[PDB]
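See below for the structure under consideration.
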Amino acid sequence: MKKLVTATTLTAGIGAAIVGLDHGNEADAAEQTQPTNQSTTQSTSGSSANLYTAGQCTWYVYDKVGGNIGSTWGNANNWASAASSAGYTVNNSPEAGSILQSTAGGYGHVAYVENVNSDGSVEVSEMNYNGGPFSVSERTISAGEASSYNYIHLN
């Protein structure tokens, strides 16, 4: 008597950690006769002669890049943003045949990458002008400082 049989029963349900993957809209392909030797990242082609005013840092860059970029970008400060908005390839990867964006200085500054060394030093050609109509110089920037800029690659 007195001793009460207490039931220590407790119902415990176990849940499941399920995960959902990401998958949205696809992209559109273009068409043109252009023998490319590299693996081209899907980018558009605003290829035209230099339509920019003669004297701004963006001007000689537009000519150095063969005019394969859209003049509709504006100043060097916007170039990388407009590139993305236009369907181009913008990465901080130091590579030849690309434009590096500074943004600093106010309206931004840019130059054309002639060549990149294994050392990491990036040689960007910029026109000094003071001296002659084609007074240009290949500014060899250090890897650390160079990687600090946004490179627009033409694929």
Take the Cα gyration tensor of region 32-121, multiply each eigenvalue by 5, square-root it, and list the three semi-axes largest first, rounded to whole angstrom. 20, 18, 13
Neighbour-count ranking for 53, 140, 11 (other C-beta within 10 angstrom, fewest to most) reads 11, 53, 140
Using the count of nearby Cβ atoms within 10 Å as a rough guide to exposure, how do 119, 22 rank from fewest to most? 22, 119
For the chain, state the average projected area of the convex hull of the C-alpha atoms over all orientations, rounded to one decimal in nm². 19.0 nm²
In debye, nearest 20: dipole of the chain around its Cα centre with unit charges on the Cβ of K, R (+) and D, E (-)? 980 debye
What's the whole-number percent of alpha carbon pairs in region 61-108 lying beyond 12 angstrom? 63 percent
Tell me which residues come under 5 Å, amide H to amide H, from residue 98 once H is placed; ignore anything under 5 positions away on its chain. 113
Quick one: 141, 152, fewest Cβ neighbours within 10 Å first, how do they rank? 141, 152
Which peptide among 44-50, 4-10 comes first, and what is the full order, when sorted by highest mean count of other Cβ atoms within 10 Å? 44-50, 4-10
Length gained, residue 18-residue 59, 0.36 nm per residue minus C-alpha separation, equals 9.4 nm
Please report the equivalent ellipsoid semi-axes of region 90-150, computed as sqrt(5 x eigenvalue) of the Cα gyration tensor, largest first, in whole Å. 20, 15, 9
Euclidean distance of C-alpha centroids, region 17-36 and region 79-148, integer Å: 29 Å
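So basically every Cβ, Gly included, is an ideal-geometry build from the backbone, and we count neighbours across all protein chains shown. Throughout, read-outs are computed from the coordinates displayed, never taken from laboratory work.
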